[PDB]
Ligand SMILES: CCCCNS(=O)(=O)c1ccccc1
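Here we start with a single chain on its own, the form deposited without this ligand, put down as structure tokens.
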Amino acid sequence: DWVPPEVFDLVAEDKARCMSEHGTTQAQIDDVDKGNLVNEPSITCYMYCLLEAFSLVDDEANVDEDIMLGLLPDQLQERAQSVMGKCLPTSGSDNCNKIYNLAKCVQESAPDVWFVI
């Protein structure tokens, strides 16, 4: 994994808040990273929450592609841009479901792109 430990420090406050808001457990987060994702609001709304916290998505879960790419290592950007070509724009019934569908698409196409701590 390329995510360096400093990132865990930076997201700590927003992570704690988002988990509290949505009833998310670390086990659910661990599961996404093992590519087990289910459409459960407690995890899908967590992912929306975290993304919103870092300005990666707006009020209707539209992705800011330049920020999303700006967050990944230079050496994943080419591959990430291809994935975004496939997986964006987002779609779904609400903000949480839009990020569920996005997560599934990215993980099925290139997991290392999908950023969820």
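Just count from 1 along the sequence shown to find any residue number.
The same protein also exists as the form solved in complex with this ligand; that form is not shown, yet it is the one meant from here on.
Classification of the binding site as blocked follows from the superposed pose of this ligand in the deposited bound form: three or more of its atoms fall inside 2.4 Å of backbone or C-beta atoms here.
Among heavy atoms of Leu50, some come within 4.5 Å of this ligand in the deposited bound form. Heavy atoms closer than or equal to 4.5 Å to this ligand in the deposited bound form belong, across 49-75, to the residues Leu50, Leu51, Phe54, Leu56, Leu71, ordered by sequence position.
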